[PDB]
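Next up: just one chain, as structure tokens, the form deposited in one PDB entry.
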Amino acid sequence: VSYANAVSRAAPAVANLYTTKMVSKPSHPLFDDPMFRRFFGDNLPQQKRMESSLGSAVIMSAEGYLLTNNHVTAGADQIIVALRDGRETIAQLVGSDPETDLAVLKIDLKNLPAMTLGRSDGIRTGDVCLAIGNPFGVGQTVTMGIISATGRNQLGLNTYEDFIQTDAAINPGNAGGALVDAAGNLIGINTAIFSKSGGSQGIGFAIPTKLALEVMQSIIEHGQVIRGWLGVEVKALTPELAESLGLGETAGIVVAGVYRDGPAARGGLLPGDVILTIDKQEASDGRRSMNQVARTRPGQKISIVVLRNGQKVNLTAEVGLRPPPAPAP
């Protein structure tokens, strides 16, 4: 069989990213603690221009919005977009979302191809898929495998995860590019690999379209991703403390820590309490409730029920805006 028609449909909508960045940190034998004390003067941190360079990006719409990974563009001073046809432009960064490793770009160009979107929820483990990006800077290349698994969360790459896992060969330089189904429709943004060698060993991960679209639409509208904030640190419940409360494995979440000055604080959430229901929804898994607070919009008064002094107490908080992560990519 052949997938050249899928390649023809989607490939023109996948672009190459070249990013440059000025940096104050060099090769690590030099410029360390030893430099300034290895019989040598302080002198000056010489800031080199390093090239994140190889990446990829998907042309989401004809108006010139590009999707990609945050870790490719974070910190860039310049982003060059190179189209399959050979056109080049410098892009501007509409906005980023480090917690899902996604970025939105804009270019001013017309006669721009756009990716047909598939439906992430409709993929099944076993479906053939194709990966399109710029491995090792060799040029746009297409690789082929199958959906290995779906909804991989708990990888620990980013704080909000719903990864597709693909067999197809994904290498450094594929980040940002398209994961596409046999028809040629976008089902993911290729993001991460698990390797022992720095190159593809057949364990690759893409962000599914459903999550990507939702992030991109919020960035275009508000320049940001809007997420609910409660301000609480929470840890799981075990049988061992299931008993101590006297009422056991109701899916409890333990309020280990409450952000000082937060909306949960401001609503009288207290350290050492126990959360039974968030917004009339039972709070069992820390992930579960953390994602439910993320989707709850800021400005929404919600009810929270907590087992505190051994008796249910009913509180109310006003969900706030979630603050950015700041330093890391």
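Residues carry their position along the shown sequence, with the first being 1. Whichever C-alpha set is largest while still superposing within 1.5 Å between the two forms counts as the rigid core.
Just so it is clear, the following notes concern the form deposited in another entry, a form of the same protein that is not shown.
K.L.:
Which single residue of 116, 224, 153, 250, after superposing the core, moves its CA by 2 Å or more between the shown form and the other one?
P.N.:
Between the two forms, the residue that moves is 250.
K.L.:
For residue 126, decide whether the Cα shift between the shown form and the other one is 2 Å or greater, given a superposition on the rigid core.
P.N.:
Superposed on the core, residue 126 moves its C-alpha less than 2 Å between the shown form and the other one.
K.L.:
Taking the rigid core as the frame, does residue 9 move its C-alpha by 2 Å or more between the shown form and the other one?
P.N.:
No, shifts by less than 2 Å.
K.L.:
So that I can tell if residue 85 moves, could you say whether its C-alpha shifts by at least 2 Å between the shown form and the other one after the core superposition?
P.N.:
Where the cores coincide, residue 85 shows only a C-alpha shift between the shown form and the other one that is less than 2 Å.
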